[PDB]
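J.: Handing you a structure now.
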Amino acid sequence: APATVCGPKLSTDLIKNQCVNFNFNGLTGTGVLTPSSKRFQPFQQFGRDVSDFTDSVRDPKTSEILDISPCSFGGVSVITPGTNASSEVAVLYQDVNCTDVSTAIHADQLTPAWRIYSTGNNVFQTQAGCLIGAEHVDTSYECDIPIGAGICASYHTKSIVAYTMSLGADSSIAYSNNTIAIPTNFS
Amino acid sequence: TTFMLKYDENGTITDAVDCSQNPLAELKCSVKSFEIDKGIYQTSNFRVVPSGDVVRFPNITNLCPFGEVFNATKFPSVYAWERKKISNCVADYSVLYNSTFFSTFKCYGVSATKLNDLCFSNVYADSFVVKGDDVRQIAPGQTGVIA
Amino acid sequence: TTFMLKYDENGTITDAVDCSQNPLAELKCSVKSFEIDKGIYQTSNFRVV
Amino acid sequence: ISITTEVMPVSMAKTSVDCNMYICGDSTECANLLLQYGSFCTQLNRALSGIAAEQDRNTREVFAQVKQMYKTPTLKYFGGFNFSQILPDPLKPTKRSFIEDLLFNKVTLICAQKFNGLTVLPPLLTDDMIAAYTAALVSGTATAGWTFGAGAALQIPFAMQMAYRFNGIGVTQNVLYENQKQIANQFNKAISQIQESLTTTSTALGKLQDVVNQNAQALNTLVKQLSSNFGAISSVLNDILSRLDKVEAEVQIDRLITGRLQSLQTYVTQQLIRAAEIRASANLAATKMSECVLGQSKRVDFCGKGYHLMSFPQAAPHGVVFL
Amino acid sequence: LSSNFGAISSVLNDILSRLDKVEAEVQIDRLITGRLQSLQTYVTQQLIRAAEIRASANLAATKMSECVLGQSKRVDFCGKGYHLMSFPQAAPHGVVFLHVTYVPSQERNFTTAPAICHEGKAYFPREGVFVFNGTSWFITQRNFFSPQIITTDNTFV
Amino acid sequence: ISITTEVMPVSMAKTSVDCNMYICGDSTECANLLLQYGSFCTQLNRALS
Ligand SMILES: *[C@@H]1O[C@H](CO)[C@@H](O)[C@H](O)[C@H]1NC(C)=O
Ligand SMILES: *[C@@H]1O[C@H](CO)[C@@H](O)[C@H](O)[C@H]1NC(C)=O
Ligand SMILES: *[C@@H]1O[C@H](CO)[C@@H](O)[C@H](O)[C@H]1NC(C)=O
Ligand SMILES: *[C@@H]1O[C@H](CO)[C@@H](O)[C@H](O)[C@H]1NC(C)=O
Ligand SMILES: *[C@@H]1O[C@H](CO)[C@@H](O)[C@H](O)[C@H]1NC(C)=O
Ligand SMILES: *[C@@H]1O[C@H](CO)[C@@H](O)[C@H](O)[C@H]1NC(C)=O
Ligand SMILES: *[C@@H]1O[C@H](CO)[C@@H](O)[C@H](O)[C@H]1NC(C)=O
Ligand SMILES: *[C@@H]1O[C@H](CO)[C@@H](O)[C@H](O)[C@H]1NC(C)=O
Ligand SMILES: *[C@@H]1O[C@H](CO)[C@@H](O)[C@H](O)[C@H]1NC(C)=O
């Protein structure tokens with residue numbers, strides 16, 4: 001219900017900023033405070049969505065209705081070509097929205113937390129995630145290293161090339177009512 | 001730092017790899033090799049947290065509601081125990097806890113050190129006077145006794 | 001009684017289903033839906049003493 | 001001449017549960033406590049990453065039988081045979097057929113990332129690239145057919161192509177040109193039944209929807225085990241931390257860890273069995289595109305019910321519908 | 001085996017040598033159920049890999065039955081092209097088949113027309129295409145240009 | 001002309017273990033204790049159904 005005992009800590013101000021260790025009345029979780037359009041009849045003040053985890057909270061001070069997204073996790077995948085071929089930079093995956101990544105590598109919010117990682121220069125939003133070290137190239141060769149959602153990574157001009165893949169090679173044969181093509185030779 | 005080491009036929013460390021230097025060396029500790037063929041691999045960490053919100057309810061902020069309760073004089077009997085409601089008051093514990101007034105302090109579910117940090121919607125005090133054997137009997141279970 | 005509740009986009013209970021009313025409503029709590037296609041389903045209780 | 005939908009699932013969801021976020025993600029005292037189970041993370045994760053790696057291997061074995069993409073021909077009236085299945089450009093803004101678009105409807109961007117640690121990875125072959133493939137397979141079937149399977153493709157007019165496919169049945173090449181208008185109208189009525197039948201009856205639904213429902217119910221089982229108690233105080237993991245001071249919590253979190261290991265180890269084992277059931281169904285669809293579509297199958301009751309003339313793949317979601 | 005599973009140590013003899021079999025029964029049993037659930041994991045993973053290889057051994061059992069012993073009319077099963085024959089080679093834990101294919105390569109355009117009209121009713125080919133090179137009609141099989149003189153027994157009615 | 005038996009198994013037993021009766025059937029305090037494992041009955045039962 002609306003709470004009585006505090007066991008007093010000083011209450012800070014809430015922020016829309018991603019990744020806040022939120023401590024409401026009985027929720028020592030962590031995540032992204034974000035205002036939401038959820039209705040909340042006044043005798044309920046925790047929101048749940050499909051399962052165990054609290055999705056949305058009405059704030060105890062200001063009665064503002066806000067939903068919680070978690071700290072934007074995912075798996076890190078890493079493209080490499082041959083280490084004998086090149087020890088040049090393994091380009092990476094963050095399976096996350098990209099601006100949540102770029103605004104957290106310039107600060108220290110990631111915790112695989114690579115040290116000599118002043119990269120990146122390149123940023124995608126391709127459905128598989130967001131490549132960082134890989135370069136967008138408009139041409140389209142063949143799938144070399146699979147990524148997800150139609151793009152494949154490779155090792156061409158020697159940088160690492162990200163590109164939507166061309167399926168084999170585009171071809172052309174002319175349908176005609178009269179001409180047949182039959183082989184004269186075989187291999 | 002997690003840290004990979006290559007030993008020799010002699011049994012001497014020839015080469016080492018830091019796990020958190022660059023994502024190539026993250027991979028080398030993941031597949032446990034130094035010469036990796038090609039492709040795409042894994043590691044599953046993300047997102048440490050910069051800031052914290054501790055914004056909890058009380059907009060009235062009284063203090064010490066059970067300063068009356070424990071040091072009250074007239075406690076009733078076992079059959080006619082009184083439940084006293086605590087309303088809108090910041091109950092700071094460890095005034096209660098760390099100074100050992102109590103022969104048997106024993107929590108259930110909650111624990112006394114983090115009993116401060118979490119809020120409660122209402123707390124109730126059930127105050128009555130029993131026997132020393134019945135100190136243990138005020139508990140979940142323990143049905144067959146009389147208290 | 002076990003008891004099923006349907007919430008809304010508003011977040012208000014629109015319809016509810018008792019689990020132990022009739023075996024159709026036992027099924028609705030079993031497959032967790034209100035509009036069931038066809039076929040044969042399960043629940044595994046029997047025989048109080 | 002009747003055509004028959006035969007729906008074959010080739011792939012499933014590429015779900016990869018972030019094992020540490022599932023079991024205990026907001027906590028870091030549990031993640032230290034989870035670490036002493038050795039490699040029941042990172043092998044659990046490596047197991048159903050091997051599943052996700054072969055869901056595109058299943059989709060390349062099926063659809064990439066053709067090497068070079070034959071473009072969609074303009075004159076689609078191939079000797080009476082209508083071909084409303086070969087992806088027209090002006091009427092549809094999307095690049096998929098009218099039968100394919102009727103197939104993508106009869107089932108069931110920025111990241112969301114719910115708390116439970118679950119995700120669905122996107123397939124490496126998009127729906128528009130799968131529809132590009134089956135545009136090339138039908139265009140190769142409508143214009144070339146035969147050496148199209150073997151090597152490079154050789155243009156044969158479609159009346160000359162069908163008559164050679166009657167000649168595989170044993171029925172002579174006389175019987176086509178004697179009845180070519182009647183053969184074509186039985187063909188064009190057949191697709192018009194297929195555009196009518198799989199609009200309402202939900203049969204091409206049936207085998208694919210049983211794949212999608214079986215994955216979505218295995219996810220909803222995995223998610224609801226987070227609300228399972230497993231003999232702890234509460235199913236909520238942060239409530240165990242916030243009121244038990246890490247000396248009593250080590251007894252109660254470990255009951256909740258081994259319960260959530262044994263629900264992940266359950267789920268990944270169920271998915272490895274479903275991966276075998278779909279790889280066996282993708283290898284069967286890899287031969288049906290190899291043998292019904294590219295060649296003609298003397299092999300009876302493999303492609304169709306009757307004697308088999310030809311077949312056409314259609315891009316279905318996580319599957320193939322052969323015609 | 002080096003996993004702790006909530007015991008004191010992953011080494012099992014260290015649990016025996018310093019816990020006197022009354023405290024050890026609590027700590028060995030945490031280490032037993034961890035090593036059951038790693039064997040029960042492993043054997044279940046191997047039973048799934050056994051099915052994935054029995055399905056690949058049954059496919060190679062047919063490829064030695066049908067590509068090697070016989071000739072396979074079944075297309076894109078043995079080889080890429082039209083299949084002549086195949087040869088198995090002893091590979092370690094596997095077979096490498098050497099599928100000798102046909103793959104017809106060099107082609108030419110040819111005007112064709114079914115059922116040349118000769119003396120009323122036309123003549124459909126007895127397995128031909130009615131190829132037409134420069135100012136002459138012939139019949140060929142449609143995987144190799146071998147022009148034959150058109151006769152009665154090359155056609156029918 | 002010789003004929004040859006080729007035997008092919010097509011089906012097996014349709015065993016469906018009544019999960020609550022297996023683990024603890026005569027008891028009802030265990031069935032309450034079994035309930036907090038979520039869906040390790042009724043999914044176990046749904047798997048081999
Ligand atoms: C189709 O075949 C007929 C044969 O009578 C020919 O005259 C015509 O040019 C061909 N092409 C088209 C586009 O009709
Ligand atoms: C086929 O090509 C080969 C070279 O690949 C050539 O030597 C030969 O003369 C050609 N023709 C025939 C009929 O084999
Ligand atoms: C170490 O091993 C190398 C072989 O790699 C051998 O040549 C050398 O003599 C050994 N040295 C010692 C001190 O054992
Ligand atoms: C007390 O609550 C009101 C709304 O109920 C809010 O506007 C006010 O800011 C709160 N007091 C403090 C000190 O925040
Ligand atoms: C009761 O009074 C004593 C002083 O004699 C004090 O130390 C103790 O904290 C009080 N108990 C409470 C507030 O529960
Ligand atoms: C004991 O509790 C009191 C509560 O007033 C507080 O000073 C602190 O938590 C403890 N005191 C010391 C000296 O640790
Ligand atoms: C509830 O949602 C409906 C849409 O289903 C909308 O029309 C209506 O305005 C909403 N009412 C309130 C009070 O939010
Ligand atoms: C069937 O035939 C017409 C005429 O050849 C063609 O345009 C189309 O593919 C089909 N008709 C419709 C209405 O789609
Ligand atoms: C045959 O003719 C077509 C169109 O006239 C042309 O595109 C093609 O290159 C020619 N040759 C072959 C071998 O198909």
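Residue numbering restarts at 1 for every chain of the structure tokens, chains are lettered A, B, ... in their displayed order, and ligands are numbered from 1 as they appear.
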Report as CSV the residues of chain A within 8 Å of chain C, each with its shortest atom pair and distance in Å (one decimal), using only C-alpha atoms, ordered by chain and increasing residue number.

T.:
```
residue,atom,partner,partner_atom,distance
A:38,CA,C:10,CA,7.4
A:39,CA,C:10,CA,6.3
A:40,CA,C:11,CA,7.6
```

J.: Distance limit 10 Å, reference ligand 8, atoms considered: only C-alpha atoms and all ligand atoms. Which residues make the cut? Give them as JSON, numbers by chain.

T.: {"D": [75, 76, 77, 78, 79, 80, 81, 82, 83, 84, 85, 86, 88, 98, 188, 189, 191, 192]}

J.: Please produce a file of the residues just selected, as a compact mmCIF listing (two decimals), in the first residue's frame, where the atoms kept are N, CA, C and O atoms.

T.:
```txt
# COMPACT_ATOMS: atom_id res chain seq x y z
N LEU D 75 6.77 -10.59 -69.22
CA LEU D 75 5.69 -11.29 -69.90
C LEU D 75 5.37 -12.56 -69.11
O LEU D 75 5.91 -13.64 -69.36
N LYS D 76 4.47 -12.41 -68.14
CA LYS D 76 4.19 -13.49 -67.20
C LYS D 76 3.10 -14.43 -67.69
O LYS D 76 2.79 -15.41 -67.00
N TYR D 77 2.50 -14.15 -68.84
CA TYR D 77 1.53 -15.06 -69.44
C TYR D 77 2.30 -16.06 -70.29
O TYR D 77 2.46 -15.87 -71.50
N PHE D 78 2.81 -17.11 -69.65
CA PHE D 78 3.67 -18.08 -70.31
C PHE D 78 2.84 -19.16 -70.96
O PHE D 78 2.70 -20.25 -70.41
N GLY D 79 2.31 -18.87 -72.15
CA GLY D 79 1.56 -19.85 -72.92
C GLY D 79 0.29 -20.36 -72.27
O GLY D 79 0.04 -21.57 -72.24
N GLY D 80 -0.52 -19.44 -71.73
CA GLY D 80 -1.76 -19.77 -71.07
C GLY D 80 -1.63 -19.88 -69.56
O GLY D 80 -2.63 -19.75 -68.85
N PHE D 81 -0.42 -20.11 -69.07
CA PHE D 81 -0.17 -20.32 -67.66
C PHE D 81 0.05 -18.96 -67.00
O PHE D 81 0.93 -18.21 -67.43
N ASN D 82 -0.74 -18.65 -65.97
CA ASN D 82 -0.95 -17.24 -65.62
C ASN D 82 0.18 -16.66 -64.78
O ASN D 82 0.61 -15.53 -65.02
N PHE D 83 0.66 -17.42 -63.78
CA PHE D 83 1.75 -17.04 -62.89
C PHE D 83 1.49 -15.74 -62.12
O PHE D 83 2.15 -14.72 -62.34
N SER D 84 0.51 -15.78 -61.22
CA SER D 84 0.31 -14.73 -60.23
C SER D 84 1.09 -15.01 -58.95
O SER D 84 0.66 -14.65 -57.86
N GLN D 85 2.23 -15.69 -59.09
CA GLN D 85 3.02 -16.16 -57.96
C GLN D 85 4.46 -15.69 -58.02
O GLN D 85 5.30 -16.18 -57.26
N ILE D 86 4.77 -14.74 -58.90
CA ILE D 86 6.15 -14.47 -59.28
C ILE D 86 6.45 -12.98 -59.08
O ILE D 86 7.22 -12.37 -59.83
N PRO D 88 5.04 -9.36 -58.70
CA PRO D 88 4.98 -8.18 -59.58
C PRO D 88 5.48 -6.91 -58.91
O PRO D 88 5.33 -6.72 -57.70
N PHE D 98 1.78 -12.48 -54.62
CA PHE D 98 0.43 -12.37 -54.09
C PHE D 98 0.07 -13.60 -53.26
O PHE D 98 -0.71 -13.51 -52.30
N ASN D 188 -4.70 -22.57 -64.39
CA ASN D 188 -5.03 -21.24 -63.90
C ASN D 188 -6.19 -21.29 -62.92
O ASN D 188 -6.29 -20.45 -62.01
N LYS D 189 -7.07 -22.28 -63.07
CA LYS D 189 -8.11 -22.49 -62.08
C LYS D 189 -7.52 -23.04 -60.78
O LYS D 189 -8.04 -22.77 -59.69
N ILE D 191 -4.49 -22.45 -59.31
CA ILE D 191 -3.93 -21.38 -58.49
C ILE D 191 -5.04 -20.49 -57.94
O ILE D 191 -4.97 -20.02 -56.79
N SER D 192 -6.12 -20.31 -58.71
CA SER D 192 -7.25 -19.52 -58.23
C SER D 192 -7.99 -20.23 -57.10
O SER D 192 -8.65 -19.59 -56.28
```

J.: Within 10 Å of ligand 6, which residues show up when you count only C-alpha atoms and all ligand atoms? List them as number ranges by chain, please.

T.: B: 92-100, 113, 116

J.: Could those selected residues go to a file with C-alpha atoms, as a JSON list (two decimals), in the first residue's frame?

T.:
```json
[["chain", "number", "residue", "atom", "x", "y", "z"],
["B", 92, "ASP", "CA", 14.12, 4.03, 12.41],
["B", 93, "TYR", "CA", 15.21, 0.62, 13.67],
["B", 94, "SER", "CA", 18.52, -0.25, 15.47],
["B", 95, "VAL", "CA", 17.38, 1.99, 18.31],
["B", 96, "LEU", "CA", 15.47, -1.24, 18.85],
["B", 97, "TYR", "CA", 18.08, -3.71, 17.65],
["B", 98, "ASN", "CA", 21.75, -3.23, 18.43],
["B", 99, "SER", "CA", 21.41, -2.29, 22.11],
["B", 100, "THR", "CA", 20.56, -5.72, 23.53],
["B", 113, "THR", "CA", 20.35, -5.04, 9.36],
["B", 116, "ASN", "CA", 15.87, -0.12, 7.88]]
```

J.: Excluding same-chain residues fewer than 3 positions from residue D:171, what lies within 12 Å of it counting only C-alpha atoms, as a list in words?

T.: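 My reading of the contact set: residues 162, 163, 164, 165, 166, 167, 168, 174, 175, 176, 307, 308 and 309 of chain D; 126 and 127 of chain E.
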
J.: Please write out the residues within 10 Å of ligand 3 as JSON, numbers by chain, counting only C-alpha atoms and all ligand atoms.

T.: {"B": [8, 9, 10, 11, 12]}

J.: Residues within 8 Å of ligand 4 should be enumerated using only C-alpha atoms and all ligand atoms and returned as a VMD selection string.

T.: (chain A and resid 61 to 63) or (chain B and resid 59 to 60)

J.: Could you tell me how far atom CA of residue E:107 lies from atom CA of residue D:139, in Å and to one decimal?

T.: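 Interatomic distance here is 19.9 Å.
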
J.: Report as a Markdown table: every residue of chain E with an atom at most 10 Å from ligand 2, its closest pair of atoms, and their distance in Å to one decimal, counting only C-alpha atoms and all ligand atoms, with rows sorted by chain and ascending residue number.

T.:
```
| residue | atom | partner | partner_atom_place_in_ligand_line | distance |
| --- | --- | --- | --- | --- |
| E:104 | CA | ligand 2 | 1 (C) | 9.6 |
| E:105 | CA | ligand 2 | 1 (C) | 8.2 |
| E:106 | CA | ligand 2 | 1 (C) | 7.3 |
| E:144 | CA | ligand 2 | 13 (C) | 9.3 |
| E:145 | CA | ligand 2 | 13 (C) | 9.3 |
```

J.: What's the 7 Å shell around stretch 28-45 of chain C, counting only C-alpha atoms, without same-chain residues fewer than 2 positions away, as a VMD selection string?

T.: (chain C and resid 4 19 24 to 26) or (chain F and resid 18)

J.: Please save N, CA, C and O atoms of the selected residues as a PDB file, in the first residue's frame.

T.:
```pdb
ATOM      1  N   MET C   4      -9.448 -16.972 -13.227  1.00  0.00           N
ATOM      2  CA  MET C   4      -8.738 -16.357 -14.346  1.00  0.00           C
ATOM      3  C   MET C   4      -9.308 -14.967 -14.595  1.00  0.00           C
ATOM      4  O   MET C   4     -10.514 -14.754 -14.460  1.00  0.00           O
ATOM      5  N   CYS C  19     -12.277 -21.350 -12.641  1.00  0.00           N
ATOM      6  CA  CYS C  19     -11.577 -22.530 -13.129  1.00  0.00           C
ATOM      7  C   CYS C  19     -12.406 -23.789 -12.921  1.00  0.00           C
ATOM      8  O   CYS C  19     -12.309 -24.738 -13.703  1.00  0.00           O
ATOM      9  N   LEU C  24     -15.284 -26.786 -19.713  1.00  0.00           N
ATOM     10  CA  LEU C  24     -14.873 -25.800 -20.701  1.00  0.00           C
ATOM     11  C   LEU C  24     -14.063 -24.692 -20.048  1.00  0.00           C
ATOM     12  O   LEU C  24     -13.047 -24.246 -20.587  1.00  0.00           O
ATOM     13  N   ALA C  25     -14.488 -24.250 -18.868  1.00  0.00           N
ATOM     14  CA  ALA C  25     -13.780 -23.165 -18.203  1.00  0.00           C
ATOM     15  C   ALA C  25     -12.561 -23.685 -17.458  1.00  0.00           C
ATOM     16  O   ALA C  25     -11.667 -22.917 -17.091  1.00  0.00           O
ATOM     17  N   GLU C  26     -12.517 -24.993 -17.206  1.00  0.00           N
ATOM     18  CA  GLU C  26     -11.274 -25.626 -16.783  1.00  0.00           C
ATOM     19  C   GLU C  26     -10.242 -25.563 -17.896  1.00  0.00           C
ATOM     20  O   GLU C  26      -9.049 -25.362 -17.649  1.00  0.00           O
TER      21      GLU C  26
ATOM     22  N   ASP F  18       1.321 -39.487 -14.848  1.00  0.00           N
ATOM     23  CA  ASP F  18       0.536 -38.550 -14.064  1.00  0.00           C
ATOM     24  C   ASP F  18       1.443 -37.967 -12.989  1.00  0.00           C
ATOM     25  O   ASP F  18       1.552 -38.499 -11.884  1.00  0.00           O
TER      26      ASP F  18
END
```

J.: List every residue of chain B that DSSP, applied to the backbone of this structure, assigns to alpha helix (DSSP H), and report them as a compact mmCIF listing (two decimals) with C-alpha atoms, in the first residue's frame.

T.:
```
# COMPACT_ATOMS: atom_id res chain seq x y z
CA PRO B 23 37.75 -7.52 -27.83
CA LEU B 24 40.17 -9.69 -29.79
CA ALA B 25 41.80 -10.67 -26.51
CA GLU B 26 38.36 -11.08 -24.98
CA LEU B 27 37.77 -13.66 -27.71
CA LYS B 28 41.08 -15.41 -27.03
CA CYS B 29 40.03 -16.01 -23.43
CA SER B 30 36.59 -17.09 -24.64
CA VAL B 31 37.54 -19.75 -27.19
CA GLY B 132 10.26 -18.26 29.17
CA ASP B 133 9.38 -21.56 27.54
CA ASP B 134 6.65 -19.66 25.68
CA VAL B 135 9.29 -17.25 24.33
CA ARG B 136 10.27 -20.02 21.93
CA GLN B 137 6.63 -20.94 21.35
```

J.: Within 8 Å of ligand 9 (counting only C-alpha atoms and all ligand atoms), which residues show up? I'd like them as number ranges by chain.

T.: A: 173-174, 179, 181; D: 154-155; E: 107-109

J.: Could you turn the residues from that selection into a file that holds N, CA and C atoms, as a PDB file, in the first residue's frame?

T.:
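Output saved as result36.pdb:
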```
ATOM      1  N   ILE A 173      18.248 -14.249 -68.228  1.00  0.00           N
ATOM      2  CA  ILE A 173      17.961 -15.066 -69.402  1.00  0.00           C
ATOM      3  C   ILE A 173      16.654 -14.571 -70.004  1.00  0.00           C
ATOM      4  N   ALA A 174      16.568 -14.600 -71.329  1.00  0.00           N
ATOM      5  CA  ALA A 174      15.397 -14.064 -72.012  1.00  0.00           C
ATOM      6  C   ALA A 174      14.432 -15.192 -72.337  1.00  0.00           C
ATOM      7  N   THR A 179      13.085 -19.676 -79.220  1.00  0.00           N
ATOM      8  CA  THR A 179      14.479 -20.055 -79.044  1.00  0.00           C
ATOM      9  C   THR A 179      14.620 -21.016 -77.875  1.00  0.00           C
ATOM     10  N   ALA A 181      17.814 -23.185 -75.872  1.00  0.00           N
ATOM     11  CA  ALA A 181      19.264 -23.211 -75.740  1.00  0.00           C
ATOM     12  C   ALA A 181      19.646 -24.604 -75.279  1.00  0.00           C
TER      13      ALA A 181
ATOM     14  N   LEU D 154      19.253 -22.772 -68.950  1.00  0.00           N
ATOM     15  CA  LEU D 154      19.080 -22.783 -70.393  1.00  0.00           C
ATOM     16  C   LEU D 154      17.627 -22.483 -70.696  1.00  0.00           C
ATOM     17  N   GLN D 155      17.374 -21.465 -71.518  1.00  0.00           N
ATOM     18  CA  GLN D 155      16.000 -21.024 -71.745  1.00  0.00           C
ATOM     19  C   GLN D 155      15.259 -22.046 -72.603  1.00  0.00           C
TER      20      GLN D 155
ATOM     21  N   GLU E 107      26.742 -23.775 -74.680  1.00  0.00           N
ATOM     22  CA  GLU E 107      25.474 -23.882 -75.384  1.00  0.00           C
ATOM     23  C   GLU E 107      25.397 -22.860 -76.504  1.00  0.00           C
ATOM     24  N   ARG E 108      24.365 -23.021 -77.329  1.00  0.00           N
ATOM     25  CA  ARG E 108      24.062 -22.122 -78.431  1.00  0.00           C
ATOM     26  C   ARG E 108      22.562 -21.881 -78.472  1.00  0.00           C
ATOM     27  N   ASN E 109      22.174 -20.691 -78.925  1.00  0.00           N
ATOM     28  CA  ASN E 109      20.775 -20.441 -79.238  1.00  0.00           C
ATOM     29  C   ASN E 109      20.328 -21.292 -80.417  1.00  0.00           C
TER      30      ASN E 109
END
```

J.: Give me the chain E side of the contact with ligand 1, cut-off 12 Å, one line per residue showing its nearest atom pair and distance in Å at one decimal, counting only C-alpha atoms and all ligand atoms, sorted by chain and residue number, as a Markdown table.

T.:
```
| residue | atom | partner | partner_atom_place_in_ligand_line | distance |
| --- | --- | --- | --- | --- |
| E:111 | CA | ligand 1 | 2 (O) | 11.5 |
| E:112 | CA | ligand 1 | 4 (C) | 10.8 |
| E:113 | CA | ligand 1 | 4 (C) | 8.9 |
| E:114 | CA | ligand 1 | 4 (C) | 10.9 |
```

J.: Taking only C-alpha atoms and all ligand atoms and a cut-off of 8 Å, can you tell me which residues surround ligand 5, written as a list in words?

T.: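 The residues near ligand 5 are residues 64, 66, 67, 68, 69, 70, 71, 95, 96, 99 and 101 of chain B.
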
J.: Residue D:70: which residues within 7 Å, counting only C-alpha atoms, same-chain residues fewer than 5 positions away excluded, as a PyMOL selection string?

T.: (chain A and resi 170-172) or (chain D and resi 136+139-140)

J.: Next, the residues of the selection above should be written as a PDB file, in the first residue's frame with N, CA and C atoms.

T.:
```pdb
ATOM      1  N   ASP A 170      23.577 -11.488 -59.769  1.00  0.00           N
ATOM      2  CA  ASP A 170      22.380 -11.224 -60.554  1.00  0.00           C
ATOM      3  C   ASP A 170      22.597 -11.637 -62.004  1.00  0.00           C
ATOM      4  N   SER A 171      21.590 -12.293 -62.571  1.00  0.00           N
ATOM      5  CA  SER A 171      21.722 -12.907 -63.880  1.00  0.00           C
ATOM      6  C   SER A 171      20.526 -12.517 -64.729  1.00  0.00           C
ATOM      7  N   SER A 172      20.535 -12.978 -65.975  1.00  0.00           N
ATOM      8  CA  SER A 172      19.481 -12.641 -66.916  1.00  0.00           C
ATOM      9  C   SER A 172      19.433 -13.686 -68.015  1.00  0.00           C
TER      10      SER A 172
ATOM     11  N   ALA D 136      13.330 -16.097 -57.813  1.00  0.00           N
ATOM     12  CA  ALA D 136      14.308 -16.620 -58.759  1.00  0.00           C
ATOM     13  C   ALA D 136      14.052 -18.089 -59.060  1.00  0.00           C
ATOM     14  N   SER D 139      11.012 -18.063 -61.475  1.00  0.00           N
ATOM     15  CA  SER D 139      11.443 -17.533 -62.766  1.00  0.00           C
ATOM     16  C   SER D 139      12.386 -18.492 -63.474  1.00  0.00           C
ATOM     17  N   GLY D 140      13.195 -19.221 -62.713  1.00  0.00           N
ATOM     18  CA  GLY D 140      13.993 -20.270 -63.319  1.00  0.00           C
ATOM     19  C   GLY D 140      13.142 -21.446 -63.748  1.00  0.00           C
TER      20      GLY D 140
END
```

J.: What is the distance, in Å and to one decimal place, between atom CA of residue E:74 and atom CA of residue D:279?

T.: 20.8 Å

J.: Select from stretch 5-121 of chain B every residue with an atom at most 8 Å from any atom of stretch 74-94 of chain A, then for each give the shortest pair of atoms and their distance in Å to one decimal, using only C-alpha atoms, rows by chain and rising number, as a tab-separated table.

T.:
```
residue	atom	partner	partner_atom	distance
B:23	CA	A:90	CA	6.1
B:24	CA	A:90	CA	5.3
B:27	CA	A:78	CA	7.5
B:35	CA	A:83	CA	5.7
B:36	CA	A:83	CA	5.7
B:37	CA	A:82	CA	5.3
B:38	CA	A:81	CA	4.7
B:39	CA	A:80	CA	5.7
B:40	CA	A:79	CA	4.7
B:41	CA	A:77	CA	5.2
B:42	CA	A:77	CA	4.6
B:43	CA	A:76	CA	5.2
B:44	CA	A:75	CA	4.2
B:45	CA	A:75	CA	6.5
B:46	CA	A:74	CA	6.5
```

J.: Excluding residue B:16 and any residue of its chain fewer than 3 positions from it, enumerate the residues within 12 Å of it, using only C-alpha atoms, and give them as a list in words.

T.: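 The residues satisfying every condition are residues 2, 3, 4, 5, 6, 7, 8, 12, 13, 19, 21, 25, 28, 29, 32, 33 and 34 of chain B.
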
J.: May I have the residues within 9 Å of residue E:94 as a PyMOL selection string, using only C-alpha atoms and disregarding those fewer than 5 positions away in the same chain?

T.: chain E and resi 57+60+89

J.: Would you return as a PyMOL selection string the members of chain A that DSSP assigns to strand (DSSP E or B) on this structure's backbone?

T.: chain A and resi 5+20-22+31-35+46-48+54-58+65-69+76+78-80+91-94+130-131+135-136+145-148+151-154+161-164+168-171+179-183+186

J.: If you measure from atom CA of residue D:263 to atom CA of residue E:49, what distance in Å do you get, rounded to one decimal?

T.: 21.2 Å
